[PDB]
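# here we go, the starting part of the complex in its complex frame:
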Amino acid sequence: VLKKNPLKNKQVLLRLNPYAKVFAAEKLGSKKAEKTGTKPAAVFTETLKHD
Amino acid sequence: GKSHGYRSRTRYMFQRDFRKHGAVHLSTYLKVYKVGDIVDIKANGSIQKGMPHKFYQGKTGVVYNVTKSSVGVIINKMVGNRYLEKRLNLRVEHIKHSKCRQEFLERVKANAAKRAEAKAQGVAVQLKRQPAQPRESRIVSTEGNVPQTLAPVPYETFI
């Protein structure tokens, strides 16, 4: 009789997506990436500022 | 008054190509035409018997009749808000074969060959053609290909 909008009604959101509860529990919307570090090559570094 | 004849405004249409006048090469008369074959129509100026009209120049049609030296072509002409069939008899000279149909038979033969070979094992035949899909990822290496800086040139007044 009436359309309820997901992302605003938690009951409808959970009904549509059963994975929403697990997503909220694990806080997958804010996940820290691996702290890896790589250095660009001197060729690219010089080409960036080569005028 | 006004003039609309059988050969009106065909000065540059019913004209032989440059350095291609004279007789016709003896290859058209050796072509075999059968009922159902798709052929194109291109008028030749040397022969004035059985010449097609201006509208039927460049049109593509099926062969429905075979005669001594002529074939019948069915051409769909758009008059008003409908297409009407036209059965016109033309000489062999002003008619050539169409390579699109031949490419279709070649594709059909390759299609059947792949349907046999691939389905002998039964995995992902994919007999249908696909359009130009977007290019996948690629990596370019600047080993001897260092990008050269380019700048717009100043305006010049060369004569």
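That came in fine, so what should we check first? Residues are numbered from 1 along each chain as shown, chains lettered A, B, ... in the order given.

# neighbours of residue B:56, how many?
Other residues lying near residue B:56 total 18 when counted by other C-beta atoms under 10 Å in any protein chain shown. Placement of C-beta: from N, CA and C, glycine included.

# got it, and residue B:62?
Around residue B:62 there are 14 other residues, counting by other C-beta under 10 Å.

# now it: which helix or strand?
Assessed by DSSP states H and E, residue B:62 sits inside strand B:60-67.

# element containing residue 8, please.
You didn't pick a chain, so chain A it is. Take DSSP H and E as the rule and residue A:8 turns out to sit in neither a helix nor a strand.

# right idea, wrong chain: chain B
Using DSSP H and E, residue B:8 is not contained in any helix or strand.

# and it, what does it touch?
By C-beta atoms under 8 Å, 6 or more residues apart in numbering or on different chains, the contact set of residue B:8 is residue B:54.

# what's the distance between it and chain A?
Using C-beta to the nearest C-beta, to the nearest Å, one gets 66 Å for the distance from residue B:8 to chain A.

# show the backbone phi and psi for residue 11.
Answering for chain A, as no chain was given. When quoted as degrees, to the nearest 10, the phi and psi of residue A:11 stand at phi -60, psi -50.

# number of nearby residues for it?
Residues lying near residue A:11 (other C-beta under 10 Å) number 8.

# now the one 3 residues further on
By other C-beta under 10 Å, 14 other residues sit near residue A:14.

# what parts of chain B come near chain A?
Residues of chain B found near chain A (C-beta under 8 Å from any C-beta of the partner chain) are B:142, B:146-147, B:149.

# ok, now with 7 Å
Residues of chain B lying close to chain A by C-beta under 7 Å from any C-beta of the partner chain are B:142, B:147, B:149.

# excluding its backbone neighbours, what's nearest the first one?
Counting by C-beta to C-beta, 6 or more residues apart in numbering or on different chains, residue A:43 is the residue found nearest to residue B:142 once chain neighbours are left out, at 5.9 Å.

# so that neighbour sits in a strand?
No. Per DSSP: H, G, I helix; E, B strand; the rest coil, residue A:43 lies outside any strand segment and is helix.

# okay, chain C goes in next:
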Amino acid sequence: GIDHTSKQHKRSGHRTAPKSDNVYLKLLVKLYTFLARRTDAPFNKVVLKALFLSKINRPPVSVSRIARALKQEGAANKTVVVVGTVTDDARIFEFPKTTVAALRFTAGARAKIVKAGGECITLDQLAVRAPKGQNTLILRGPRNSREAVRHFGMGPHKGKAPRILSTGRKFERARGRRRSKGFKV
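Let me put chain C in with the others:
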């Protein structure tokens, strides 16, 4: 607004419910609507759709035509169903036993069937015996055999029965039909 690709609020173009005011016909239409709505056999839907056909769309079916249809292989033990009127043909002499269900039966055709050994039942009885139309065969008469359709689509080089009142000589047989007086059609 919408750039409509088709006509808006256009009718389906099909006749729903009979245009006639025959009370018995409306009752039969209601019965067959109930059948076709609460069953799954396409025979009920076909019969219901044919019940809405007009007089020109419901040509009579002859007993000779019924016999010809039943002469087919495996059609001897089948119930003939005619949505319309069944007429009597005097050009046939041997009528096999059958079971024909139709709206109206000509007296001569009914007498012929009774004498042969068959019976004349109505659509309601046919539905009662076979709710799903089992072992039935639908017969329709010739629709293009009317004299009013010959004149349709008249044009040059067509020969489509020009609309005339009198027939014979000097009645649309002059120039326009002969090559000796100009052109032929």
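
# ok, back up a step: which strands border the strand holding residue B:62, and is each parallel or antiparallel?
Its sheet considered, strand B:60-67 pairs with strand B:38-40 (antiparallel), strand B:70-79 (antiparallel) by DSSP bridges.

# of the ones you listed, flag the one that's most buried.
strand B:38-40 (a mean of 18; mean count of other C-beta atoms under 10 Å in any protein chain shown).

# contact residues of chain A facing chain B?
Selection of chain A residues close to chain B by C-beta under 7 Å from any C-beta yields A:43, A:47, A:50.

# among the strands paired with strand B:60-67, which is nearest residue C:27?
Residue C:27 lies closest to strand B:70-79 among those, at 52.7 Å (C-beta to C-beta).

# name the residues of the strand holding residue B:62 that are buried.
Within strand B:60-67, the residues that qualify as buried are B:61, B:63, counting by 16 or more other C-beta atoms under 10 Å in any protein chain shown.

# ranges for the strands of chain C?
Secondary structure of chain C (DSSP state E): strands located at C:61-62, C:79-87, C:99-105, C:119-121, C:136-139.

# what does the longest one contact?
For strand C:79-87, the external contacting residues (C-beta atoms under 7 Å, 6 or more residues apart in numbering or on different chains) are C:47, C:50-51, C:53, C:58, C:60-63, C:66, C:70, C:98-106, C:109, C:126, C:130, C:135-139, C:141.

# can we see that at 8 Å?
The contact list for strand C:79-87 (C-beta under 8 Å, 6+ apart) reads C:47, C:50-51, C:53, C:58-63, C:66, C:69-70, C:98-106, C:108-109, C:123, C:126, C:129-130, C:133, C:135-141.

# check the offset of it from the chain's centre.
Its chain's C-alpha centre and that of strand C:79-87 lie 9 Å apart, by C-alpha atoms, centre = their mean, to the nearest Å.

# and if you look at the shortest one?
Averaging C-alpha positions (C-alpha atoms, centre = their mean) puts strand C:61-62 9 Å from its chain's average.

# in its sheet, which strands sit next to that strand, and in what direction?
Sheet pairing of strand C:61-62 (DSSP bridges) gives strand C:79-87 (parallel).

# one more chain, chain D:
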Amino acid sequence: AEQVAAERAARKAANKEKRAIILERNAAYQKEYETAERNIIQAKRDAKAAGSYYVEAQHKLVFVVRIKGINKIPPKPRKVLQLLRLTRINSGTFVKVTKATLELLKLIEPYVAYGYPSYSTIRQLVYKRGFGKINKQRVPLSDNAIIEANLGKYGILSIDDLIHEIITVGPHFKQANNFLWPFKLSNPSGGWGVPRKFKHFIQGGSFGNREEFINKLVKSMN
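So, slotting chain D in with the rest:
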């Protein structure tokens, strides 16, 4: 007549099993998304580090919205719009990128704005204005049952599966897109951002390809 409880229990058991399969598939899809995004990021990183440049693959999906009315339209672009299912202003559809589709978009570019969509905006669109086409009717999608009933032959049975088929073009992307009614969006909440819409994006307007900038406009209009 006491079997109503038995059918109720059987229905609950079947629904729970279906929900379990849906949850497993959703978890798999989320893991695949995270893995793909991280893989692209690290591939770019290694290409930068190894003295090279990473040429990203061209986007295979675009979103096209109509920014022009239904008046003063040439017949060929009008026909192309009808074939692309853009008959109302502020109506949007998803398009798989091929040569034919690119040449189709190049013809009705003056009347549409199209760009590469993202997963977040695709999910928001499907959740908010997601409507299906069942019996030539616009039935809203508020349950996975309707989606499974109308798309189970192609392996799609949930709204998350439909979103996955939209974002990643697969074998049944054509049917997945055809099942969805074109999205009827409203005018942008924050405005179009330009004084004249009927100018190219490089020229300062909404007309033309916007690439990744289409996400902001789509979310503002949705």
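
# so, the contacts of strand C:79-87 revisited with chain D in the model?
By C-beta under 8 Å, 6+ apart, strand C:79-87 touches C:47, C:50-51, C:53, C:58-63, C:66, C:69-70, C:98-106, C:108-109, C:123, C:126, C:129-130, C:133, C:135-141.

# and for stretch C:147-161?
The contact list for stretch C:147-161 (C-beta under 8 Å, 6+ apart) reads C:56, C:162-163, C:185.

# and for stretch B:35-49?
Under the contact criterion C-beta under 8 Å, 6+ apart, stretch B:35-49 has outside partners B:13-16, B:21-24, B:33, B:51-52, B:56-66, B:71, B:73, B:75, B:90-91, B:93-98, B:100-101.

# only C-alpha atoms, please: export it in CSV.
Extracted as CSV, the C-alpha positions of stretch B:35-49 are listed here (Å, rounded to 0.1, in the frame of the first residue of the first chain):
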residue,chain,number,x,y,z
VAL,B,35,17.5,-18.3,-58.2
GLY,B,36,17.8,-16.8,-54.8
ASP,B,37,21.3,-15.3,-55.2
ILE,B,38,21.8,-11.8,-53.9
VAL,B,39,23.4,-9.5,-56.5
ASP,B,40,24.1,-5.8,-56.9
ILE,B,41,23.1,-3.6,-59.8
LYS,B,42,25.6,-1.3,-61.5
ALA,B,43,24.8,0.1,-65.0
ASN,B,44,27.4,-0.1,-67.7
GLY,B,45,27.5,2.5,-70.4
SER,B,46,28.9,0.4,-73.3
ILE,B,47,25.7,-1.8,-73.4
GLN,B,48,22.5,0.2,-73.8
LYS,B,49,20.2,-2.8,-74.0
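
# centre of the chain versus it, how much separation?
So, by C-alpha atoms, centre = their mean, the centroid of stretch B:35-49 is 14 Å from its chain's centroid.

# residues of that stretch that come out buried?
By neighbour count on 16+ other C-beta under 10 Å, the buried set for stretch B:35-49 is B:37-41, B:43-44.

# now the residue of chain A most remote from its centre: how far from chain C?
Distance to the chain centre peaks in chain A at residue A:51, reaching 36.9 Å (criterion: C-alpha atoms, centre = their mean). Distance of residue A:51 to chain C, given as C-beta to the nearest C-beta: 52 Å.

# quick check: residue D:199 touching residue D:110?
No. When contacts are counted by C-beta atoms under 8 Å, residue D:199 is not listed as touching residue D:110 (10.0 Å).
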